[PDB]
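Report on the structure given below.
All Cβ positions, even for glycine, are placed from backbone atoms using ideal geometry, and neighbour counts span all protein chains on display. The values are calculated or read from the model by the stated rules, or taken from the named source; none is laboratory data.
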Amino acid sequence: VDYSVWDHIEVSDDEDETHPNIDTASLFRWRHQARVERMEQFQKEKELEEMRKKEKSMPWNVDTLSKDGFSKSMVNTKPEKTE
Amino acid sequence: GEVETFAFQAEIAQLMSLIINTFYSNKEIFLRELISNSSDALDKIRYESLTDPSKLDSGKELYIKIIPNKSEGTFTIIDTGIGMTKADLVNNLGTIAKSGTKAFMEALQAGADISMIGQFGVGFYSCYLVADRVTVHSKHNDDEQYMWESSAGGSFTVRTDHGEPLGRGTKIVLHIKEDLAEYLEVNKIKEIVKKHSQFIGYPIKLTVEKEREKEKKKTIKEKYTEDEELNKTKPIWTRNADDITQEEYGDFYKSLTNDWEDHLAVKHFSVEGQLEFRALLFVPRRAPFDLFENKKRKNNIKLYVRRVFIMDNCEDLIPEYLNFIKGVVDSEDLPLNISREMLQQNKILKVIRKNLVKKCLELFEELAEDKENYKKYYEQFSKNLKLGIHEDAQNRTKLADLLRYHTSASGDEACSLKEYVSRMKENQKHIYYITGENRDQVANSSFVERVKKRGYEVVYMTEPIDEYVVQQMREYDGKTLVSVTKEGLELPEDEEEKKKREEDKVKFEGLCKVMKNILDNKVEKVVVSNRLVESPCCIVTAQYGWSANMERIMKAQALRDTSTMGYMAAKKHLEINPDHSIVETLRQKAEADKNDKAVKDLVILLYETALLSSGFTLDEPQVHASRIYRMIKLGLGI
Amino acid sequence: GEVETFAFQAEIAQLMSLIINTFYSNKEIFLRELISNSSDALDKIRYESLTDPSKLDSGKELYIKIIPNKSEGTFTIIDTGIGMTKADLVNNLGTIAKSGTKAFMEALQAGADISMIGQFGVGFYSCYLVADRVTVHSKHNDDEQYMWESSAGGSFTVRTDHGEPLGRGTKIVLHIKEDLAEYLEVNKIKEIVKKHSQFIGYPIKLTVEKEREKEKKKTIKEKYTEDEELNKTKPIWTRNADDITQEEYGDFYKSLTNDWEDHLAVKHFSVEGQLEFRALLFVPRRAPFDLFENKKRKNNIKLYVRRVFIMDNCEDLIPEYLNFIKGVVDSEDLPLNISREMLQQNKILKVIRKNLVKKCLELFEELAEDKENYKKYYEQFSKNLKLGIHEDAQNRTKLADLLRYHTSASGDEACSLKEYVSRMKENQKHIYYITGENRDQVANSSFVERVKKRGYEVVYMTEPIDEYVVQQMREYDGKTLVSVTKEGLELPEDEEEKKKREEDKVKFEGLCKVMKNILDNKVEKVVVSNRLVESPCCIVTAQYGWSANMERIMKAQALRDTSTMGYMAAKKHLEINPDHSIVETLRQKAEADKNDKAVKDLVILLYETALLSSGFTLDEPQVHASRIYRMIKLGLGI
Amino acid sequence: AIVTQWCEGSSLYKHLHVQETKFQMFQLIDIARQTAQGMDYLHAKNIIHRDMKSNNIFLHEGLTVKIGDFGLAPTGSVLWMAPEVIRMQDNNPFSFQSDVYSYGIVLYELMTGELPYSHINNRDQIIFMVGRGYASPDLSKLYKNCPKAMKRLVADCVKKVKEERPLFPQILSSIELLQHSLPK
Ligand SMILES: Nc1ncnc2c1ncn2[C@@H]1O[C@H](COP(=O)(O)OP(=O)(O)OP(=O)(O)O)[C@@H](O)[C@H]1O
Ligand SMILES: Nc1ncnc2c1ncn2[C@@H]1O[C@H](COP(=O)(O)OP(=O)(O)OP(=O)(O)O)[C@@H](O)[C@H]1O
Ligand SMILES: [Mg+2]
Ligand SMILES: [Mg+2]
């Protein structure tokens, strides 16, 4: 029952880690911008053996943890206040 | 140096107490593990039949039966699964932390297309939470029927069975504890099955003792009626969406939500990768009467893993403003705790949370292309879209396009901001909007006179929440949101208009001083209006102060703090119409006499009217009423 | 029949995996368990020395020392507690579900002062959450120094230790995994210890990086950091209340809350009986600026069991109207789960909730006897009292007596309801109250004219929450809460008054009918006023309908649909003053001519004015303003 | 039933440079404390702020203070920007001690109520001196009831040497010791 895979997760918009004297939206935006910056510098540095280790050790994030398995969205056509 | 090596050991008696008392918080979860193990056995017997159908010669019916009996206090579960051999029963039931299911899967080849529930090997002992003595009846095809029994005293007894030949499967018998007799009431068994095991892969039967006369009255009375509708609603989310009809979606929604009306729309999507799950969402046709009530439950999105229920109201998966969403989510890889109630990594929930919000936004975007249905959606859930503006700063841009309002040129139709900008002139740079209580009030206000007469469309705000949303919604599509009720309302004017306005200021300069000294403190400045055409005067607000409709909303909230209301209180400015006849007469009279008491009374009454016309509540309605009573005495001659 | 008996067994590797990955959601708990065990050893030697003072000859100082080492990644824990013999070493570290501490209290006789926390015998293995290998140095008084080492691979090594002599105690060295250097951060360690083991009754010294300012003649200062205590704040709640002074409470409150001011008051108590716990409560001198911000922690009372932190906020402890209360609760008898992060029995919490609510109400009752401190309390927390009126059904009786209000004869000082009960007229039967936006606006209302002239005291209502109170606060001390803004305002009347009333009705009946025809639907009826002297007419509401302020409060809410709640909106009744010269002259004009355009203009103007004086908004301010602008042209001869 | 309220506030810049609200000495000290705490938590999470000024910090309801409030919930303004940031010499001169200097200008606003270098009507001339070290915040303009500890603290923060500016835990330590001595 190895659970080591999921223990590295980083989520910016987390209310649990918030400071009462900081604007929550601004802090979330700051965290998101920091995430964008770190993944953008990481790829530029990527383009080497030590480089290979840190990618495997990064906290998984929403963008990288999984991908979409496509399914259908529909609209229900039924007469409101029918005759 | 001499090193001694020893292997770790375990105390069985203390381990039993730990697994009994410190593992499972809720007693009712005991039934979930039993149904899970029965489904395990049924899947085992089914899978081998895919290669050798002759296995099912002992029995072809895959089912689970629950047979409560209040007379002896025995809660018995019978299933037709794989069964046990003696080696299997000893190895699995006698060894804590050993699960035969995990070994079975590890023995199977890669890609078996069968996923099972139990892995820890301790779920079975949860039966001791409510049972003091457990007897298990099982029979494997390659073996004989045996008897298994224990009282959780650290030892168990195994013996051969010569009773009724069960054929194939397992029969679990639990002698209920005396104070746990409430679990014999059929209602709670139905509730527990629907709550936790609604979507098991095999039909579950329930035999109930309803009638006491046996084969007596005119008709033949049967003591037991077999009830099958316990897991009838089959998990359509498991099937491919392309093969599901709209009627199937409606039936699933009605079964899940007990609604008599159909859904408005269905959103179905799955996610693949390290975190894999399937989701199926519904939009109710009517807004619930208690949608924003505080004392009630936050969310109605139910969580599943491998078709077993985990958590009903998980606060971490959706925000408040999307609480009306109905649906279920099922996964296959979530790391569960020892009780299969929480997750060993809570940040997983916040990863599922991020995608589902995006999917709901996509679904709401997919509703807007059909105006007729989207009109009903807007009518039922205008508030939820607006409330999400103020809190979800991340999705504010996308949610803005989903807004519709009455405008000065839309008539009775609600129109989007995109239509509003599309209908604007080349010279206009701002979205002129007006807040108020009703469409007719904001339409008939004296401020919109010059705005309307110059052909500029104005949005009408009538809901109280409109002031909150425009606070963050400073600009849309690069166009600033400008309220014409405030000072500095800029209109594109020619040189002649500017010259006429300047002549008005220079002509009325001293008169403005006369007003200002007459009113003293109530008005900060008196200026010649550039927004009025017919009405003599109006009260406009400061550039950054609270608007007229705003402070009324602020002054009416029950729990706000009054220590700050001094700071953002806007300062009142009195704009005056240069071309009004009454203002010209007052100018002449003031020039004739600066100390005319009649002029003072006219100015005070006119300002009192201006406050009322601008929407401001009077500081004292009584003095204005007394002034008007005095005046009508003069008009009548009293 | 042959019955075989077998004893239950367990798989060691799977049990280790379950303990590691399944029982603890957060990894930071490994420090908590280590501190708990070190304190257990320290209390063991302390109790042993209480009987044999020579036991401490190997060491006199009792403490826990933490030696993080970022260079070697070794998190060294050294405590001067009891050491291990080889038999104790193996029996305590190699045996799962075996607690030497549990055996220790089971060995002790009844009556000993014991705060032991270690019971499950598995907290030590939590070190493997962050450490791949555990290194233990132990030295008991009756045994030599030994080495124990394992990597959770199902086996451990035992050998004699010949390194630095420890004398007595235990030295745990953890080889932290490379991904978990966070626990070597000094700020992280301080956060964890203050969060979990802040109130351990032994000095915790944490030794960290060098304190050198580099300029030998250069300055070097200390080539390390000697920090001597992180648990400086002693658990004063364990002490008796009588021996604690105000300065001690203030320092403790400032330590916990980081506040710079002192408390407003303190309440310290314990609860005995079938459950034992202690509770220390603080009320801040200033309202928390985010008291009703709902996105963050609702309840702010921290929970402790045997002086180790359990959980920070449970919604079953305090309601929303008590979110401002600060304090901590410590208990000794709650059975925690295996993870100690959640209480398995929620029935107890409700009893604690009841007791704490009762005692907080008692404390608030104590404050009221001292006006000035209670005046500060009321100013800072008036809203929460009224929310308690609204929601707390049971305590509404005592919660009501804590309300202070300005009255018509109270001047500037606010008065309690009981003080109003101190001042009835003998005939007066109802506590007359009037709602509004400001004290001045309600002080000189037309409705309170006759009420004031007859010597009846009235209460001024200015906050939006007040209308919720009068919805629930219907009667107080058996006296009804009657508003003078509503119809059916029954005031003690004599025979002459009712005779004059009947004469006025007879005289004005035709006038009443003609105004009823002119005003049509805008008024449900027109009646002669029994409450007006100076105002010719005013608007009153229905017997059971909303007041103008109440309706404004409901329609100003941003999250409620006014269409659904609109059925209750009161009907408007026009109460005309019989003795007013304006009313009498209008009666004469109407009798002389019923279709006079002047008469209809006067009556519509008078009704529009009466709406404003009654707190109601005008259905269209623009038409009223145009009516004024037209009229005053006649005054100017325009 | 009852409904909720939400996040609305106003900035220090508007309050003091436009409304000129007479904040009490303890109130100004409390804003100092909360700003220092919010800065420390930002620095505790190795986050850097680059446009500290009264415009970007807001007084919320209940006198709550919310850093990052770009609105109710460096565009010039160099009077707060530190000199080492001004010369633009380093590729990223923004640092924790640059934020210390900017927050020191914030304390200057708190304890003086007027923008630093007020005697100057040219921004570029202010640029030229404060960049070169010719101009310092005029510490004599602090209020007459100013405690000495805060005065020395703001002096340390506006010290032109970035390394000498004490790091934010030292700032908070300096405030609390003075803060407990306030009732004198
Ligand atoms: N009805 C059954 N059919 C098949 N095997 C069973 C049945 N009941 C018990 N067992 C076996 O006995 C062991 C039962 O326990 P438990 O229910 O304790 O384990 P799990 O279901 O395998 O794991 P977990 O504890 O994670 O749910 C199972 O792992 C399974 O091997
Ligand atoms: N540093 C120590 N000093 C003294 N005894 C210790 C120490 N570390 C471990 N032990 C002993 O090892 C035995 C096991 O404990 P663990 O720390 O394993 O659980 P617990 O403390 O017994 O209980 P729980 O699992 O409920 O926290 C303990 O009961 C304690 O007697
Ligand atoms: Mg199981
Ligand atoms: Mg332990």
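For the list (1) surrounded by fewer than 22 Cβ atoms within 10 Å (Cβ to Cβ); (2) within 20 Å of residue C:489 (Cα to Cα); (3) acidic (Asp, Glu), I need the number of the one condition that residue C:520 fails.
Unmet for residue C:520, out of (1) surrounded by fewer than 22 Cβ atoms within 10 Å (Cβ to Cβ); (2) within 20 Å of residue C:489 (Cα to Cα); (3) acidic (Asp, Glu): (2).
Only one residue in B:158, B:136 is out of contact with any helix residue (DSSP H, G or I) (no Cβ under 6 Å at 6 or more places or on another chain), under 21 Å from residue B:27 (Cβ atoms) and either more than 15 Å from ligand 3 (Cβ to nearest atom) or not assigned by TED's automatic domain parsing to the domain that holds residue B:333 (or both), so which one is that? It would help to see each step written out before you state the result.
Numbers: B:158 fails: under 21 Å from residue B:27 (Cβ atoms).
Going through B:158, B:136 in turn, the sole match is B:136.
Which strands (runs of 3 or more DSSP E) sit wholly inside segment C:449-552 and have at least 3 residues that are of a type in the set (A, V, I, L, M) and within 30 Å of residue C:599 (Cα to Cα)?
The strands (runs of 3 or more DSSP E) meeting that bar are C:525-528.
One residue is enough: does segment B:69-86 have a residue meeting the conditions closer than 17 Å to residue B:144 by Cα, away from ligand 3 (no atom under 16 Å from the Cβ) and within 14 Å of chain C (Cβ to nearest Cβ)?
yes
Of the numbered conditions (1) of a type outside the set (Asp, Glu); (2) more than 8 Å from ligand 1 (Cβ to nearest atom); (3) touching a helix residue (DSSP H, G or I) at 6+ places or on another chain (Cβ under 9 Å); (4) within 14 Å of another protein chain (Cβ to nearest Cβ), residue B:90 satisfies every one except a single condition; which is it?
(3)
From the list B:201, B:167, pick out the single residue that is at positive phi and not assigned by TED's automatic domain parsing to the domain that holds residue B:309.
B:167
In segment C:119-144, which residues are in contact with a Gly (Cβ under 9 Å, 6 or more places away or on another chain) and either within 16 Å of ligand 1 (Cβ to nearest atom) or within 13 Å of chain B (Cβ to nearest Cβ) (or both)?
Within segment C:119-144, C:121, C:124 qualify.
Look at residue B:582 and say whether it is within 22 Å of residue B:458 (Cα to Cα) and outside any loop (DSSP other than H, G, I, E, B). Even if it seems obvious, please write down each step before you answer.
Details: within 22 Å of residue B:458 (Cα to Cα): no; outside any loop (DSSP other than H, G, I, E, B): yes.
So residue B:582 fails the test.
Just a yes or no: is a residue in segment C:114-126 more than 10 Å from ligand 2 (Cβ to nearest atom), over 19 Å from residue C:17 (Cα atoms), out of contact with any strand residue (DSSP E or B) (no Cβ under 7 Å at 6 or more places or on another chain) and outside any loop (DSSP other than H, G, I, E, B)?
no
Conditions (1) within 7 Å of chain A (Cβ to nearest Cβ); (2) within 30 Å of residue B:415 (Cα to Cα), marked per residue:
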| residue | (1), (2) |
| --- | --- |
| B:333 | no, no |
| B:339 | no, no |
| B:344 | yes, no |
| B:351 | yes, no |
| B:359 | no, yes |
| B:363 | yes, yes |
| B:370 | yes, yes |
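Please count how many residues of segment B:7-60 are more than 16 Å from ligand 1 (Cβ to nearest atom) and of a type in the set (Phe, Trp, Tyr).
Residues in segment B:7-60 being more than 16 Å from ligand 1 (Cβ to nearest atom) and of a type in the set (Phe, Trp, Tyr): 1 in total.
Could you say whether any residue in segment B:208-220 is away from chain A (no Cβ under 13 Å), in a strand (DSSP E or B) and touching a helix residue (DSSP H, G or I) at 6+ places or on another chain (Cβ under 6 Å)?
Yes, there is a match, as at least one residue in segment B:208-220 is away from chain A (no Cβ under 13 Å), in a strand (DSSP E or B) and touching a helix residue (DSSP H, G or I) at 6+ places or on another chain (Cβ under 6 Å).
Kindly establish whether residue B:281 is away from chain A (no Cβ under 13 Å) and under 16 Å from the mean Cα position of the chain (by Cα).
Criteria not met by residue B:281.
So which residues in segment A:54-83 are of a type outside the set (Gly, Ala, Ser), more than 23 Å from the chain's Cα centre (by Cα) and either within 7 Å of chain B (Cβ to nearest Cβ) or closer than 18 Å to residue B:348 by Cβ (or both)?
A:72, A:74, A:75, A:76, A:78, A:80
Considering segment B:1-50 alone, what residues qualify as being outside any strand (DSSP E or B), within 12 Å of another protein chain (Cβ to nearest Cβ) and charged (D, E, K, R)?
Result: B:2, B:11, B:27.
Scan segment B:56-74 and tell me whether some residue there is more than 16 Å from ligand 4 (Cβ to nearest atom), over 23 Å from residue B:339 (Cα atoms), polar (S, T, N, Q) and in a helix (DSSP H, G or I).
Yes, the conditions are met somewhere in segment B:56-74.
One line per residue, one yes/no per condition, for (1) surrounded by 18 or more Cβ atoms within 10 Å (Cβ to Cβ); (2) more than 11 Å from ligand 2 (Cβ to nearest atom):
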site	(1), (2)
C:29	yes, no
C:36	yes, no
C:40	yes, no
C:47	no, yes
C:52	no, yes
C:56	no, yes
C:62	yes, yes
C:67	no, yes
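Quick grid of which residues meet (1) among the acidic types (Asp, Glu); (2) at the interface with chain B (Cβ under 10 Å from one of its Cβ atoms):
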{"residue": "C:571", "(1), (2)": "no, no"}
{"residue": "C:574", "(1), (2)": "no, no"}
{"residue": "C:590", "(1), (2)": "no, no"}
{"residue": "C:593", "(1), (2)": "yes, no"}
{"residue": "C:596", "(1), (2)": "yes, no"}
{"residue": "C:603", "(1), (2)": "no, no"}
{"residue": "C:606", "(1), (2)": "no, yes"}
{"residue": "C:613", "(1), (2)": "no, yes"}
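So residue C:148 clears everything in (1) more than 14 Å from ligand 2 (Cβ to nearest atom); (2) within 12 Å of chain B (Cβ to nearest Cβ) except one condition, right? Which one?
Status for residue C:148: all satisfied but (1).
Any residue at all in segment B:624-634 that is in contact with a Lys or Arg (Cβ under 9 Å, 6 or more places away or on another chain), more than 7 Å from every other protein chain (Cβ to nearest Cβ) and surrounded by fewer than 18 Cβ atoms within 10 Å (Cβ to Cβ)? Write out each step before concluding.
Keep residues of segment B:624-634 that are in contact with a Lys or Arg (Cβ under 9 Å, 6 or more places away or on another chain), which gives none.
Looking through segment B:624-634, none of the residues is in contact with a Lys or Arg (Cβ under 9 Å, 6 or more places away or on another chain), more than 7 Å from every other protein chain (Cβ to nearest Cβ) and surrounded by fewer than 18 Cβ atoms within 10 Å (Cβ to Cβ).
If a residue has to be buried (at least 18 other Cβ atoms within 10 Å of the Cβ) and under 14 Å from residue D:109 (Cβ atoms) to count, how many in segment D:16-35 make the cut?
7
Any residue that is closer than 22 Å to residue B:359 by Cα, surrounded by 14 or more Cβ atoms within 10 Å (Cβ to Cβ), touching a strand residue (DSSP E or B) at 6+ places or on another chain (Cβ under 7 Å) and more than 7 Å from every other protein chain (Cβ to nearest Cβ) - is there at least one of those in segment B:258-276?
no
Residue check, residue C:199 against (1) assigned to a strand (DSSP E or B); (2) within 32 Å of the chain's Cα centre (by Cα), all met but one. Which one?
The number of the failed condition is (1).
(1) within 14 Å of chain D (Cβ to nearest Cβ); (2) within 30 Å of residue B:337 (Cα to Cα): which one isn't true of residue A:33, the others all being true?
Result: residue A:33 fails condition (2) only.
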